[PDB]
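**Q** Here it is: the structure, laid out below.
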Amino acid sequence: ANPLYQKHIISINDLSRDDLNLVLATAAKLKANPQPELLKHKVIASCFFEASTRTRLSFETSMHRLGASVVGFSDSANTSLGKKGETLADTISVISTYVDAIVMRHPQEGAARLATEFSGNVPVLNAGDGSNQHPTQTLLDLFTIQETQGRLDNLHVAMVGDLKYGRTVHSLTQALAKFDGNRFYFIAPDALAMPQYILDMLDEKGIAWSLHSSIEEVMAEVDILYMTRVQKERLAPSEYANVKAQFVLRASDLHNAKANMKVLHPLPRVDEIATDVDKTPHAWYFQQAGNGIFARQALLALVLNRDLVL
Amino acid sequence: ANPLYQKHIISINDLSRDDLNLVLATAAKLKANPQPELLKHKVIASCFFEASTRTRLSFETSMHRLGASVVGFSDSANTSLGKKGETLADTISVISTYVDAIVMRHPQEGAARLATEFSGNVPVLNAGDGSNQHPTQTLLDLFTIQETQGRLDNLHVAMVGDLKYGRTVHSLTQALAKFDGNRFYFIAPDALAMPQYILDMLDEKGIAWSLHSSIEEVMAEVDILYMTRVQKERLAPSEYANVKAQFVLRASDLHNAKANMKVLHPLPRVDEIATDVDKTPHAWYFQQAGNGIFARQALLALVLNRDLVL
Amino acid sequence: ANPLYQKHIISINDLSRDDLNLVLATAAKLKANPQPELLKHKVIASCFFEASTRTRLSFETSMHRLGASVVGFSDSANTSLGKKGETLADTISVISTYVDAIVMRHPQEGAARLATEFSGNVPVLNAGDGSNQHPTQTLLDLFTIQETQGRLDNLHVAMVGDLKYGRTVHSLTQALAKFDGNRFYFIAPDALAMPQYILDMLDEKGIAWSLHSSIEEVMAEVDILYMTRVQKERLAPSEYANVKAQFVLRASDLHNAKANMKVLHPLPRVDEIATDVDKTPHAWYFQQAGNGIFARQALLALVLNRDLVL
Amino acid sequence: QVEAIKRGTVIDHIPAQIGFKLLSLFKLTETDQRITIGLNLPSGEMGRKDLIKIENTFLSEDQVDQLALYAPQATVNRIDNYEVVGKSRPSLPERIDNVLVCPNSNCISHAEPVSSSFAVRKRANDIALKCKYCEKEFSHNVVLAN
Amino acid sequence: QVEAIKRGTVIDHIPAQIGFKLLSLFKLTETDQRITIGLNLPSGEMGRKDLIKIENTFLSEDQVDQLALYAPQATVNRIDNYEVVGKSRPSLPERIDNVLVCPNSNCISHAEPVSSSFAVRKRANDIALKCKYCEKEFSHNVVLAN
Ligand SMILES: N[C@@H](CC(=O)O)C(=O)O
Ligand SMILES: N[C@@H](CC(=O)O)C(=O)O
Ligand SMILES: N[C@@H](CC(=O)O)C(=O)O
Ligand SMILES: N[C@@H](CC(=O)O)C(=O)O
Ligand SMILES: N[C@@H](CC(=O)O)C(=O)O
Ligand SMILES: [Zn+2]
Ligand SMILES: [Zn+2]
């Protein structure tokens, strides 16, 4: 009965402002009032064809904290598609006869979308497809923001690092743009600048954004500093000059920031964030990840429950 | 004892306008009057620790064309340095105990100079050391530029491709700089630009040179268009964006060309010189390669035989 | 200028009964009267882009036995074609600029012919091109068949093994077909059968030939039992069932053998010829291999020296 | 008018060198139906153009869809009993089916068994196509490019 | 057939389904010359057929022979001043160059900068193509495109 019931969760691009705060409202509810058997007799497939710790571990923990069972795999080297040459389509075709929902992360962009065309009445949840989308990442991100800032409106947000291959910032920027007055600061190498289709969308709704060469020139204005890792598994050889970070955030150069400022990072981080930033009041990437548990718990219930009162 | 008798030929920077002229002078003599037994009873080592088609085969052919016998290797994997951990210093110390001269090519810069410090009285002829020097290559280029231009002066020359790693341009630019009124055009990507120490050296003689981004800009003025292959083997992973040739000479770009103008290439070429260019009358890289034969008999004769030739 | 002076020797199909007879005629002269300086002042390239023991060492020994000096390589991994991406056409264009002739073996069919189109005046001697032709091998076989049979006519010859990929049988069958009344027996698996274009060529001359499944069927009639090794390197994965020798000649299968009969093998052999056969008087592959020396001095002499020999 | 034939359909105003790409890229020559073709025919409007005459055949949306971002100025018109019964324009839907291929090499549309599909956001500059799978947008100058 | 050309070449009596082939194969349409082509056309001598007229373009006798293994039956009218000033006919050629691809995967022709080439001959009720390079022989039926 709820708007997200039985729905595929593929791209932030297919979601409304409402849907988002609907999952955030649920998340808030669930973190405060836990419901151990919201889905007691459910079997969910956790399928990762790429690599992951946060997304896959947070997801499965969520299913368990909600009383559901999990099957699946962390790499396809042993599936029939990894040894017998089976298509993704067929893999999705048969797995959809065994489970109530399928969570999947895959190396090609669009794999989640393709999955929904072979899963029948089985809802597919995109744990990240190549460098395209990472919807559940932004769901938890928005939750974390909402938390620290108490608002999703007119915030001064800065996104640093690899913006081209960050499915994380692709999905997060689309979502933040469904809200009013948000200002964006893009700090990235020209080779990994942050796609046009993203900026065009920002122009359609005519909202503020601007490129910057450094972090310090926007440090005093930002409410959220979203750091990113260089996707050195997705970039072209004609771009290996970008493997190393470029912008590295340390405790010291965090002096002129706003008190409420929060440093976020989908993780994992390599060198872009010095470990000396960890003991400061701004560091919030771990608390952030911890919120993945309430956000994905929230999503799993809305998709698998006609209704839920809490 | 001619000026070059028993000399080490390792870096053009150590040679004088006279040294070069003596080599070419000799080439013409030998080319005109082959001396089949000039080096009878000579045993030269041909040691290539890196790949080679032209410079290794021509060098060896030369040695036989002068009656010298040859020993060596074209792969270092079966030497003691390759399987038993021997240093290159020791490799040279023992070899200098068997031969009358050592022609060597190595993947590290400075290798040939290192050898001279351990070859005692045995002269070392540098057939290429990393991305540094390639003296015998310059000798043949000059002999070729001279054979088709009538002189080594007030010539307009363009060098395009990988100028940073081209041991070929490094030597040739230095060679021509030792002559008068030659203009230089450097057509190369920012990342593989002619190195500073070559420009500074040019400044010292008030030689005119400038950077261009197309063959066309200079096509009408140039006398010598010297093309180079990008040195993929030398590239740091971060210059990989320049692996593919950025400038491709096609037969159609030769429309407005000084009729005297010639196209040269130390070879091998990947695609920087379309095969349709091979038929045009500006095609001279193969002739250029054939000259290597004369430039090398010449150099050999001068280093292992004290008298000038008839 | 003898009929073979400055000629390309790339495919028996281009030769005449006379051409072959001239070669053998010459071999006998040189074998009888060695001409140690016949090719003084000659530099031949020995270019093997594929493995070889017999044809590469005999060819080179021949060149020295006639006073010619040699340059080349037995592995293409250290040429520019092997590490810098040079085409074979360019490889030939520059090499043809140094030597008086080019003996080459290559893994692709047609390679030797390709070279002739870029070697200008320098003749190309095909030392094997893929599974196509092997002309100098046929020359020595004939010289051998002739040396032990007294003639090249009305002989019964069996060729067993890999006839599809044997560049050896392809050439030899064509050579003998140029003579009169020779019968042919093809003992080979269905998958590695003599190719159609050889059979069709035979039909055109009304030459008798037929397929058999055992050495025994023809053991009594045969004059020449020419054994071949299965060309595992040439096999498509689907002909892999024929990797192991299907016919093994043992010393006990020679009981009913025409006393004149000889066993030949272009070599190397894996197991198709039991070592117990080596002692029998029908054993002639090693002698056969030694003849390669004469057939090759011969061919060399005729291609680089205009006069017939004394 | 310009030399018609009973039934069938005429595709006029095809841009030069694009004509022949239609005959092929649309298996148009797959019939026994009398076809007439004119390449680099002179025109008092485009300078020079191509023109196909398929006798006893028609379109509507089956292919006048692609014609859009192909012959933006072409003129398809049905002919019955020797007469033009309907001149048409390029009905250029915002959706394009399988006859197309996504440039993003890492798009799953390449590896798997699914008919391609693009959304066509026609900006007045050049044409942009967003992929149904990878969601990346491009220029028809790249998707139709060789 | 539309109308008569002033000067050029008209390939007449091309079998059906081949005229398009020939267009694709020898890139006859990569030109600025007015070309008029008609597929499936009632003849009388033969049932029906394809025709290709191409302005200001002539064909050498070998160029005409190249048509041999496609439209063995055919006339090629060299035309000057709207009049047939010479007619020719496809006689089997000695070799076919750079348009076909050697089916032998291990042939040197695939990797190097050289034009393809095959010798032509009729075997049984077929023509065999022998590759100049690898010397392997194939029925024209298998030797294909590119
Ligand atoms: N969080 C990124 C990877 C990273 O930034 O380390 C992703 O999974 O898309
Ligand atoms: N000629 C260069 C290699 C090349 O041509 O790229 C060298 O041997 O240093
Ligand atoms: N091109 C020269 C070799 C070289 O460049 O070192 C030759 O053919 O002899
Ligand atoms: N003699 C053959 C190899 C073999 O004996 O299998 C060749 O060199 O072509
Ligand atoms: N068997 C020959 C070599 C070959 O078969 O090519 C020899 O020993 O000379
Ligand atoms: Zn796509
Ligand atoms: Zn071939």
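Chain identifiers are assigned as A, B, and so on, following the order in which chains appear in the structure tokens; residues are numbered from 1 within each chain, and ligands are numbered from 1 in order of appearance.
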Hey, which residues sit close to ligand 1? Say within 7 Å, counting only C-alpha atoms and all ligand atoms, and write them as a PyMOL selection string.
**A** chain A and resi 52+128+131+134+166-168+228-231+266-269
**Q** With a distance threshold of 7 Å and counting only C-alpha atoms, extract the residues of chain E near chain C and express them as a PDB file with N, CA, C and O atoms, in the first residue's frame.
**A**
ATOM      1  N   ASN E 106      45.076 -18.038 -40.562  1.00  0.00           N
ATOM      2  CA  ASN E 106      46.518 -17.926 -40.367  1.00  0.00           C
ATOM      3  C   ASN E 106      47.259 -17.329 -41.575  1.00  0.00           C
ATOM      4  O   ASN E 106      48.467 -17.513 -41.726  1.00  0.00           O
ATOM      5  N   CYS E 107      46.531 -16.618 -42.431  1.00  0.00           N
ATOM      6  CA  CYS E 107      47.120 -16.003 -43.617  1.00  0.00           C
ATOM      7  C   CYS E 107      47.730 -14.640 -43.272  1.00  0.00           C
ATOM      8  O   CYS E 107      47.142 -13.840 -42.540  1.00  0.00           O
ATOM      9  N   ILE E 108      48.905 -14.375 -43.827  1.00  0.00           N
ATOM     10  CA  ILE E 108      49.607 -13.127 -43.582  1.00  0.00           C
ATOM     11  C   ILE E 108      48.880 -11.874 -44.081  1.00  0.00           C
ATOM     12  O   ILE E 108      49.177 -10.762 -43.644  1.00  0.00           O
ATOM     13  N   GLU E 112      48.991  -7.683 -42.372  1.00  0.00           N
ATOM     14  CA  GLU E 112      49.844  -6.697 -42.997  1.00  0.00           C
ATOM     15  C   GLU E 112      49.165  -5.742 -43.963  1.00  0.00           C
ATOM     16  O   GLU E 112      48.028  -5.964 -44.388  1.00  0.00           O
ATOM     17  N   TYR E 133      48.768 -15.248 -51.420  1.00  0.00           N
ATOM     18  CA  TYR E 133      49.623 -15.346 -50.263  1.00  0.00           C
ATOM     19  C   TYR E 133      49.754 -16.717 -49.606  1.00  0.00           C
ATOM     20  O   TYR E 133      50.827 -17.329 -49.662  1.00  0.00           O
ATOM     21  N   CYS E 134      48.679 -17.208 -48.996  1.00  0.00           N
ATOM     22  CA  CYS E 134      48.749 -18.491 -48.306  1.00  0.00           C
ATOM     23  C   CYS E 134      48.642 -19.705 -49.211  1.00  0.00           C
ATOM     24  O   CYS E 134      48.828 -20.834 -48.755  1.00  0.00           O
ATOM     25  N   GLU E 135      48.349 -19.460 -50.488  1.00  0.00           N
ATOM     26  CA  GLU E 135      48.215 -20.507 -51.504  1.00  0.00           C
ATOM     27  C   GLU E 135      47.100 -21.533 -51.241  1.00  0.00           C
ATOM     28  O   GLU E 135      46.961 -22.499 -51.986  1.00  0.00           O
ATOM     29  N   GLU E 137      43.308 -22.932 -51.328  1.00  0.00           N
ATOM     30  CA  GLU E 137      42.203 -22.724 -52.273  1.00  0.00           C
ATOM     31  C   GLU E 137      40.786 -22.865 -51.671  1.00  0.00           C
ATOM     32  O   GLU E 137      40.531 -23.763 -50.872  1.00  0.00           O
TER      33      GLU E 137
END
**Q** Please produce chain A as a short mmCIF file (atom, residue, chain, number, x, y, z; two decimals) with C-alpha atoms, in the first residue's frame once it has been superposed on chain B, the fit using all Cα atoms paired in sequence order.
**A**
data_model
loop_
_atom_site.label_atom_id
_atom_site.label_comp_id
_atom_site.auth_asym_id
_atom_site.auth_seq_id
_atom_site.Cartn_x
_atom_site.Cartn_y
_atom_site.Cartn_z
CA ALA A 1 96.31 8.87 -35.53
CA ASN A 2 92.89 10.14 -36.63
CA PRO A 3 90.89 12.06 -33.94
CA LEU A 4 88.37 9.25 -33.36
CA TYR A 5 90.95 6.46 -33.05
CA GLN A 6 90.40 4.38 -29.91
CA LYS A 7 87.69 6.78 -28.71
CA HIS A 8 84.48 5.91 -26.88
CA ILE A 9 81.36 7.01 -28.75
CA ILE A 10 78.82 7.66 -26.00
CA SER A 11 77.14 11.04 -26.39
CA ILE A 12 76.88 13.54 -29.24
CA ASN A 13 77.53 15.92 -26.38
CA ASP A 14 81.23 14.85 -26.40
CA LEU A 15 81.76 15.40 -30.13
CA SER A 16 82.84 18.37 -32.24
CA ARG A 17 81.54 19.61 -35.60
CA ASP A 18 84.76 18.19 -37.10
CA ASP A 19 84.38 14.69 -35.64
CA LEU A 20 80.92 14.53 -37.18
CA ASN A 21 81.77 15.56 -40.73
CA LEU A 22 84.91 13.47 -40.31
CA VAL A 23 82.69 10.39 -39.99
CA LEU A 24 80.41 11.70 -42.75
CA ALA A 25 83.39 12.25 -45.07
CA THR A 26 84.50 8.65 -44.37
CA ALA A 27 80.96 7.41 -44.96
CA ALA A 28 80.83 9.10 -48.35
CA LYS A 29 84.23 7.60 -49.18
CA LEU A 30 83.21 4.12 -48.11
CA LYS A 31 79.86 4.03 -49.91
CA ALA A 32 81.64 4.93 -53.19
CA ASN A 33 84.82 2.90 -52.60
CA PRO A 34 84.15 -0.22 -50.45
CA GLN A 35 86.99 -1.71 -48.42
CA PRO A 36 86.22 -5.43 -47.69
CA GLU A 37 89.02 -6.05 -45.22
CA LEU A 38 89.57 -2.78 -43.42
CA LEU A 39 89.49 -4.80 -40.18
CA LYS A 40 90.21 -8.43 -41.17
CA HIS A 41 91.37 -9.68 -37.78
CA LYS A 42 89.05 -7.74 -35.53
CA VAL A 43 86.47 -9.17 -33.13
CA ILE A 44 83.66 -6.84 -32.07
CA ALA A 45 81.06 -7.49 -29.40
CA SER A 46 77.44 -6.71 -30.34
CA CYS A 47 75.52 -6.59 -27.04
CA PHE A 48 71.83 -5.72 -26.99
CA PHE A 49 69.94 -5.77 -23.67
CA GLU A 50 66.92 -4.12 -25.23
CA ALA A 51 65.23 -4.73 -28.59
CA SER A 52 66.31 -3.76 -32.08
CA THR A 53 66.34 -4.59 -35.74
CA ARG A 54 67.90 -1.60 -37.53
CA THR A 55 70.71 -0.63 -35.14
CA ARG A 56 71.87 -4.15 -34.34
CA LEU A 57 71.46 -5.58 -37.86
CA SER A 58 72.98 -2.57 -39.62
CA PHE A 59 75.88 -2.64 -37.16
CA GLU A 60 76.79 -6.31 -37.54
CA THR A 61 76.42 -6.15 -41.35
CA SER A 62 78.84 -3.22 -41.22
CA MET A 63 81.41 -5.25 -39.29
CA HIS A 64 81.14 -8.03 -41.88
CA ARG A 65 81.31 -5.74 -44.94
CA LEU A 66 84.56 -4.57 -43.31
CA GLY A 67 85.85 -8.08 -42.69
CA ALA A 68 85.48 -8.15 -38.89
CA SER A 69 84.01 -10.96 -36.73
CA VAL A 70 81.07 -10.53 -34.31
CA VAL A 71 80.03 -12.25 -31.07
CA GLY A 72 77.34 -10.99 -28.66
CA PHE A 73 73.63 -11.38 -27.93
CA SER A 74 70.22 -9.84 -28.77
CA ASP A 75 68.78 -10.18 -25.24
CA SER A 76 70.39 -10.88 -21.85
CA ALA A 77 67.94 -13.58 -20.76
CA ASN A 78 70.79 -16.07 -21.24
CA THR A 79 73.83 -14.12 -20.11
CA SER A 80 75.25 -14.67 -16.60
CA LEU A 81 73.73 -11.29 -15.68
CA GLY A 82 70.32 -12.64 -16.69
CA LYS A 83 70.41 -15.91 -14.76
CA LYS A 84 73.23 -15.73 -12.23
CA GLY A 85 72.70 -12.11 -11.14
CA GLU A 86 75.97 -10.76 -12.53
CA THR A 87 76.49 -6.99 -12.63
CA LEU A 88 76.76 -5.03 -15.85
CA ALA A 89 80.15 -3.82 -14.62
CA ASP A 90 81.53 -7.39 -14.38
CA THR A 91 79.91 -8.35 -17.70
CA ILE A 92 81.71 -5.42 -19.33
CA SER A 93 84.81 -6.26 -17.30
CA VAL A 94 85.24 -9.74 -18.78
CA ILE A 95 83.94 -9.06 -22.32
CA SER A 96 86.58 -6.33 -22.56
CA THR A 97 89.28 -9.01 -22.36
CA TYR A 98 87.86 -10.77 -25.44
CA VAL A 99 87.10 -7.99 -27.94
CA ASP A 100 88.57 -5.00 -29.80
CA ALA A 101 85.37 -2.93 -29.42
CA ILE A 102 81.94 -3.21 -27.74
CA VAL A 103 78.68 -2.03 -29.33
CA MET A 104 75.80 -1.95 -26.80
CA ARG A 105 72.13 -0.91 -26.43
CA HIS A 106 70.79 -1.06 -22.89
CA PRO A 107 67.42 -0.22 -21.17
CA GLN A 108 68.85 2.19 -18.54
CA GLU A 109 70.25 5.62 -19.42
CA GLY A 110 73.97 5.89 -18.71
CA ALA A 111 74.77 2.19 -19.15
CA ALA A 112 77.18 2.94 -21.99
CA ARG A 113 78.96 5.56 -19.88
CA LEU A 114 79.27 3.06 -17.02
CA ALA A 115 80.65 0.48 -19.47
CA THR A 116 83.67 2.63 -20.44
CA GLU A 117 84.75 2.63 -16.78
CA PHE A 118 85.31 -1.12 -16.98
CA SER A 119 86.46 -1.74 -20.57
CA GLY A 120 90.06 -0.60 -20.25
CA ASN A 121 91.60 0.04 -23.64
CA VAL A 122 88.43 -1.26 -25.27
CA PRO A 123 86.35 1.42 -27.08
CA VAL A 124 82.64 1.37 -26.23
CA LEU A 125 79.98 2.41 -28.75
CA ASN A 126 76.54 3.39 -27.47
CA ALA A 127 73.76 1.82 -29.55
CA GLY A 128 71.35 3.66 -27.27
CA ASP A 129 71.07 3.90 -23.47
CA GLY A 130 67.47 4.14 -22.22
CA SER A 131 66.04 7.42 -23.55
CA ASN A 132 69.31 9.36 -23.30
CA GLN A 133 71.58 8.99 -26.31
CA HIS A 134 71.61 7.40 -29.76
CA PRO A 135 74.84 8.83 -31.35
CA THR A 136 75.17 6.38 -34.26
CA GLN A 137 71.54 7.15 -35.15
CA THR A 138 72.24 10.84 -35.64
CA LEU A 139 75.52 10.05 -37.42
CA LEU A 140 73.51 8.29 -40.14
CA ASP A 141 70.79 10.93 -39.91
CA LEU A 142 73.27 13.75 -40.58
CA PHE A 143 74.64 11.71 -43.44
CA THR A 144 71.15 11.36 -44.93
CA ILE A 145 70.48 15.06 -44.49
CA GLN A 146 73.84 16.05 -45.97
CA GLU A 147 72.88 13.85 -48.89
CA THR A 148 69.39 15.10 -49.71
CA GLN A 149 69.98 18.74 -48.86
CA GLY A 150 73.65 19.14 -49.64
CA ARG A 151 74.11 21.10 -46.41
CA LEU A 152 73.98 20.94 -42.61
CA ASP A 153 73.67 24.71 -42.22
CA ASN A 154 70.64 26.95 -41.77
CA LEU A 155 68.07 24.26 -42.53
CA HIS A 156 64.42 24.37 -41.46
CA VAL A 157 64.07 21.19 -39.43
CA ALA A 158 60.91 19.91 -37.77
CA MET A 159 60.81 17.11 -35.16
CA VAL A 160 57.44 15.46 -34.52
CA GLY A 161 55.99 13.06 -31.97
CA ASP A 162 57.48 11.82 -28.71
CA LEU A 163 60.37 14.25 -28.18
CA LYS A 164 60.83 13.47 -24.48
CA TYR A 165 61.81 9.84 -24.80
CA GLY A 166 63.36 10.01 -28.24
CA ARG A 167 67.08 9.40 -27.67
CA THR A 168 67.09 9.82 -31.46
CA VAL A 169 66.06 13.50 -31.41
CA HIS A 170 68.05 14.22 -28.27
CA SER A 171 71.32 13.33 -30.05
CA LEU A 172 70.23 14.73 -33.41
CA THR A 173 69.33 18.18 -32.01
CA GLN A 174 72.68 18.51 -30.20
CA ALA A 175 74.53 17.75 -33.44
CA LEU A 176 72.50 20.04 -35.71
CA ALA A 177 73.24 22.82 -33.20
CA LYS A 178 76.98 22.52 -33.85
CA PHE A 179 76.18 23.92 -37.26
CA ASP A 180 75.11 27.43 -38.19
CA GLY A 181 71.68 28.92 -38.83
CA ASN A 182 69.49 25.88 -38.35
CA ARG A 183 65.87 26.55 -37.35
CA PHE A 184 63.97 23.95 -35.32
CA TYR A 185 60.25 23.24 -35.15
CA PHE A 186 59.04 21.12 -32.23
CA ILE A 187 55.67 19.46 -32.66
CA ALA A 188 54.90 17.26 -29.65
CA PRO A 189 52.34 16.62 -26.88
CA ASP A 190 52.98 18.73 -23.77
CA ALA A 191 53.53 15.55 -21.73
CA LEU A 192 56.31 14.49 -24.15
CA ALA A 193 57.43 18.04 -24.99
CA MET A 194 61.25 17.73 -25.48
CA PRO A 195 63.48 18.28 -22.37
CA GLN A 196 64.72 21.60 -21.01
CA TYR A 197 68.43 20.75 -21.05
CA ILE A 198 67.99 20.52 -24.83
CA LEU A 199 66.28 23.90 -25.20
CA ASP A 200 68.73 25.59 -22.82
CA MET A 201 71.57 24.42 -24.99
CA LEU A 202 69.75 25.93 -27.98
CA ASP A 203 69.49 29.23 -26.10
CA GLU A 204 73.20 29.16 -25.13
CA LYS A 205 74.03 29.24 -28.85
CA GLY A 206 71.01 31.46 -29.33
CA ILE A 207 69.40 29.66 -32.23
CA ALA A 208 65.81 29.56 -33.44
CA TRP A 209 63.23 26.99 -32.31
CA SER A 210 59.50 27.06 -31.52
CA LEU A 211 56.65 24.79 -30.44
CA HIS A 212 53.75 24.10 -32.79
CA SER A 213 50.40 22.38 -32.53
CA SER A 214 50.30 20.97 -36.05
CA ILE A 215 52.42 19.87 -38.99
CA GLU A 216 50.63 21.98 -41.63
CA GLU A 217 51.62 25.27 -40.00
CA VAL A 218 55.28 24.52 -40.80
CA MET A 219 54.95 22.21 -43.79
CA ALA A 220 55.83 24.91 -46.33
CA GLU A 221 58.93 26.03 -44.42
CA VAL A 222 60.69 22.76 -43.60
CA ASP A 223 63.56 21.06 -45.43
CA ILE A 224 63.51 18.04 -43.11
CA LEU A 225 60.44 16.57 -41.40
CA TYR A 226 61.72 14.14 -38.76
CA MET A 227 58.92 11.86 -37.56
CA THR A 228 59.00 9.89 -34.33
CA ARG A 229 57.35 6.90 -32.61
CA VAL A 230 55.82 7.08 -29.14
CA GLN A 231 58.23 5.27 -26.82
CA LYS A 232 55.53 3.06 -25.29
CA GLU A 233 58.03 1.01 -23.33
CA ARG A 234 59.68 3.93 -21.58
CA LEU A 235 56.80 6.09 -20.42
CA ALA A 236 55.22 6.35 -16.98
CA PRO A 237 51.70 5.07 -16.18
CA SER A 238 50.86 8.69 -15.43
CA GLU A 239 51.38 9.20 -19.19
CA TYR A 240 49.54 6.30 -20.85
CA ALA A 241 47.21 8.90 -22.36
CA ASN A 242 49.97 9.48 -24.91
CA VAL A 243 50.41 5.97 -26.35
CA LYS A 244 48.51 6.91 -29.51
CA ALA A 245 50.41 9.09 -32.00
CA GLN A 246 48.50 12.43 -32.17
CA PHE A 247 50.13 13.74 -35.35
CA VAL A 248 49.66 11.42 -38.32
CA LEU A 249 51.34 12.22 -41.62
CA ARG A 250 49.55 11.26 -44.85
CA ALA A 251 50.33 11.79 -48.53
CA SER A 252 47.44 14.21 -49.00
CA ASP A 253 48.51 16.73 -46.38
CA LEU A 254 51.96 17.01 -47.93
CA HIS A 255 50.85 19.26 -50.80
CA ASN A 256 52.35 22.58 -49.67
CA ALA A 257 55.82 21.18 -48.87
CA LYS A 258 59.06 22.27 -50.54
CA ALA A 259 60.19 20.08 -53.42
CA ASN A 260 63.52 19.25 -51.67
CA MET A 261 61.67 18.36 -48.46
CA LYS A 262 62.53 14.92 -47.09
CA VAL A 263 60.51 12.91 -44.60
CA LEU A 264 62.76 11.13 -42.11
CA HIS A 265 62.05 8.67 -39.29
CA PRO A 266 64.55 6.65 -37.22
CA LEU A 267 61.98 3.86 -37.27
CA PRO A 268 60.15 1.73 -36.49
CA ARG A 269 57.00 3.68 -37.26
CA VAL A 270 53.55 2.58 -36.11
CA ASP A 271 50.68 4.91 -37.14
CA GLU A 272 52.37 8.37 -37.20
CA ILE A 273 53.23 7.85 -40.89
CA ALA A 274 50.56 6.48 -43.23
CA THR A 275 51.85 3.93 -45.74
CA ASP A 276 50.51 6.21 -48.51
CA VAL A 277 53.39 8.59 -47.79
CA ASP A 278 55.75 5.81 -48.92
CA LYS A 279 55.18 6.16 -52.65
CA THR A 280 55.82 9.94 -52.60
CA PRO A 281 59.15 11.69 -53.46
CA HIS A 282 59.32 13.05 -49.90
CA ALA A 283 59.42 9.65 -48.17
CA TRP A 284 63.03 8.92 -47.20
CA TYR A 285 63.01 6.79 -44.05
CA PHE A 286 64.10 3.63 -45.85
CA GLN A 287 66.91 5.22 -47.88
CA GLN A 288 67.81 6.78 -44.52
CA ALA A 289 68.13 3.46 -42.71
CA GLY A 290 70.14 2.12 -45.63
CA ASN A 291 72.67 4.86 -44.83
CA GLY A 292 73.16 3.36 -41.38
CA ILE A 293 75.40 0.89 -43.13
CA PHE A 294 77.82 3.51 -44.48
CA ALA A 295 77.77 5.68 -41.36
CA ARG A 296 78.48 2.84 -38.90
CA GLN A 297 81.00 1.37 -41.33
CA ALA A 298 82.66 4.78 -41.25
CA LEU A 299 82.69 4.91 -37.45
CA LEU A 300 84.09 1.40 -36.97
CA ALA A 301 87.07 2.18 -39.20
CA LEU A 302 87.89 5.54 -37.61
CA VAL A 303 87.84 3.96 -34.15
CA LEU A 304 89.78 0.82 -35.08
CA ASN A 305 92.26 2.27 -37.60
CA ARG A 306 95.10 4.64 -36.70
CA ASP A 307 94.85 5.87 -40.27
CA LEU A 308 92.99 5.09 -43.46
CA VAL A 309 93.51 6.50 -46.95
CA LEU A 310 90.64 6.52 -49.44
#
**Q** Within 9 Å of residue 59 of chain E, counting only C-alpha atoms, which residues qualify if same-chain residues fewer than 3 places away don't, as an NGL selection string?
**A** :E and (9 or 62-64 or 76 or 78)
**Q** Restrict the selected residues to N, CA and C atoms and save them as a CSV table (one decimal), in the first residue's frame.
**A**
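Dumped everything to selection.csv:
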chain,number,residue,atom,x,y,z
E,9,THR,N,28.1,4.9,-67.9
E,9,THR,CA,28.0,3.4,-68.0
E,9,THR,C,26.7,2.9,-67.5
E,62,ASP,N,38.7,-5.2,-67.5
E,62,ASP,CA,38.9,-6.0,-66.3
E,62,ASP,C,37.8,-5.6,-65.3
E,63,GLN,N,37.7,-4.3,-65.2
E,63,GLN,CA,36.7,-3.8,-64.2
E,63,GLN,C,35.3,-4.4,-64.5
E,64,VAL,N,35.1,-4.6,-65.8
E,64,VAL,CA,33.9,-5.2,-66.3
E,64,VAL,C,33.9,-6.7,-66.0
E,76,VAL,N,27.4,-4.3,-70.6
E,76,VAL,CA,27.9,-3.0,-70.0
E,76,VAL,C,28.0,-2.1,-71.2
E,78,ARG,N,28.9,1.3,-72.8
E,78,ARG,CA,29.7,2.5,-72.6
E,78,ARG,C,28.8,3.5,-73.4
**Q** To one decimal place in Å, what is the distance between atom CA of residue 139 of chain E and atom CA of residue 14 of chain E?
**A**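 Taking atom CA of residue 139 of chain E and atom CA of residue 14 of chain E, their separation equals 21.9 Å.
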